Each structure stands twice: as structure tokens, then as C-alpha cells.
Amino acid sequence: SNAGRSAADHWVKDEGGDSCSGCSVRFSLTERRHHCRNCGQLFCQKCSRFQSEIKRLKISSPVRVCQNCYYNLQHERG
Ligand SMILES: [Zn+2]
Ligand SMILES: [Zn+2]
């Protein structure tokens with residue numbers, strides 16, 4: 001007993017290679033790209049606009065992380 005998933009307004013889907021995940025904006029010389037080492041998705045400099053390590057992922061070194069992650073990475077201590 002399972003179910004599928006989809007939307008009501010989506011005539012395309014290929015945001016997995018060189019396009020933001022929270023914007024789908026095709027990365028370019030003006031749009032920086034970064035694959036979140038926490039989730040594994042590519043976001044734009046305007047999406048995450050942050051940078052830090054991911055202790056939750058056994059990462060002590062500072063890497064690219066989405067805002068959703070960064071916010072939790074800073075409040076991880078408290
Ligand atoms: Zn974005
Ligand atoms: Zn993330």
C-alpha cells in the first residue's frame with residue numbers, strides 16, 4: 001500500500017547536474033554553484049549564500065551547505 005508523488009504545475013524536471021535545487025536557475029559565470037555535502041543537492045550562491053562544515057556528516061572541514069543546513073549547523077551547539 002504505497003503512493004506516488006507529483007505537482008500541478010511542472011512541465012519539466014532535470015534539476016540534477018548544473019541547476020539550482022531551490023530555484024532551478026541554470027548555473028553560469030554569473031551564478032555560482034555548490035553541491036551541499038549534507039543533502040547532496042546543488043544550490044545557487046543566493047540559495048545558501050553560506051559556507052561551513054557538517055559535523056553531522058562527519059565533516060570537520062568547511063564546505064558548501066544550504067541555508068536549511070547552515071542554520072542547523074550554527075545552532076548545532078545550542
Ligand atoms: Zn537557488
Ligand atoms: Zn543541505
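Think of each number as a place in line: the chain as shown, counted from 1.
Keep in mind that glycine also has a Cβ here, set from the backbone N, Cα and C atoms.
As annotated by the PDB entry, expression tag applies to 1-3.
The zinc finger annotation in Swiss-Prot covers 14-74. Feature annotation from Swiss-Prot assigns Zn(2+) 1 binding site to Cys20, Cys23, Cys44, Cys47. Annotation source Swiss-Prot lists Zn(2+) 2 binding site at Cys36, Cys39, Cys66, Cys69, citing sequence analysis.
Projection of Swiss-Prot feature records onto the structure.
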residue	record	CB count, 10 Å
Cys20	Zn(2+) 1 binding site	21
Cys23	Zn(2+) 1 binding site	13
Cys36	Zn(2+) 2 binding site	21
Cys39	Zn(2+) 2 binding site	15
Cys44	Zn(2+) 1 binding site	20
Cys47	Zn(2+) 1 binding site	22
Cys66	Zn(2+) 2 binding site	21
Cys69	Zn(2+) 2 binding site	24
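For the zinc finger (14-74), the DSSP-based tally of helix, strand and coil residues reads 11 helix, 16 strand, 34 coil. The two recorded residues, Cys66 (Zn(2+) 2 binding site) and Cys47 (Zn(2+) 1 binding site), have Cα atoms 7 Å apart. Separation of the C-alpha atoms of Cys39 (Zn(2+) 2 binding site) and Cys23 (Zn(2+) 1 binding site): 16 Å, rounded to the nearest whole number.
By the rule that a residue counts when its Cβ sits under 6 Å from some atom of ligand 1, the binding-site residues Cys20, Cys23, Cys66, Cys69 yield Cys20, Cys23. Only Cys36, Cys39, in sequence order, out of the binding-site residues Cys36, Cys39, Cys44 have a CB under 6 Å from ligand 2. Taking the centroid of the Cβ atoms of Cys36, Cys39, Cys66, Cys69 as the Zn(2+) 2 site, the other same-chain residues with Cβ within 8 Å of it are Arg37, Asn38, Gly40, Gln41, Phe43, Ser48, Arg64, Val65, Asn68, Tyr70. Rounded to a whole number, the distance between the Cα atoms of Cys36 (Zn(2+) 2 binding site) and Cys47 (Zn(2+) 1 binding site) is 11 Å. Reported as a whole number, the C-alpha separation between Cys23 (Zn(2+) 1 binding site) and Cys36 (Zn(2+) 2 binding site) equals 14 Å. For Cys69 (Zn(2+) 2 binding site) paired with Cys44 (Zn(2+) 1 binding site), the C-alpha to C-alpha distance reads 14 Å.
Across the fold, the C-alpha of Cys44 (Zn(2+) 1 binding site) and the C-alpha of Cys36 (Zn(2+) 2 binding site) stand 10 Å from each other.
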